[PDB]
Structures are given as structure tokens and as C-alpha cells.
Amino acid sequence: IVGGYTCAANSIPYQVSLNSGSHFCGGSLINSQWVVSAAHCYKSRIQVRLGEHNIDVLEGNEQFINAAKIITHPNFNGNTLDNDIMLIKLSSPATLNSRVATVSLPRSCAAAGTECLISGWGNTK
């Protein structure tokens, strides 16, 4: 995130970190067993880290769960990036509490001008 601010610790409970030695992409927990991310983030081996804030230090609220299944959208186009969506099934259910929660799927598309919240551990510069 460039030009953003540091989120309050665990104020984005649905935020997950995809890790394979180190953070490489973000994700969103929409179900106790499923995480949705982008298809271009695909890797055959992925560990999902929930309840994260400081990805460099164990805080005691994290749940590290390996991906059991990784399903990229069949129509994903690597050239146009159309259908850049991917589902990840966790090998064990994530325990939901104050630091780990699901985010709702859209009930309808958003109108233009709708304010949104974007989060992540990506490049800040």
C-alpha cells in the first residue's frame, strides 16, 4: 500500500497472508474453511496466516493453516488478467473470534463513488 496508514492491530480480521517461506500475497477469509485471493498469486504450496498484523513477529493471535486445495478460476486469462480470482480451501477450519473473522460476499455490485477499505503488506514505496 502506497500513501496509506497503519491499520489498528487486528482491525481487519478477514485479512490473511499467503506464505511460502515469506509473505507473497494477500487474501480474504469469507468462510471458516475458505479464503479468496487472486489467480496470479498461484503457487502449489501455500500456508495461510490468519490473525496477522506484524508478519515478522509472533504476537499470539495467529493461526497458521496450510492450504488443502487451491482452485484458480477456469477462465482466468494470464494475458488480460480477466477472472483474476482464486479460492483456497484450508486443511483445517479456521477458528473465528475477535482477531479472525469472515467478510461478507457482495449482495450487489457497488455504486461509483462508494468508499472502500484496501489493506495489505505490499510495497509501500
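The numbering used is simple: start at 1 and walk along the sequence shown.
In this entry, 96-104 has the higher mean Cα B-factor, the comparison being between 96-104 and 29-37. Relative to its counterpart among 83-91 and 43-51, 43-51 has the higher mean temperature factor, C-alpha atoms as listed in the PDB entry. In this PDB entry, the Cα temperature factor of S22 sits in the top third of its chain's modelled residues, the highest group.
Sort the modelled residues of the chain by CA B factor and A112 lands in the middle third.
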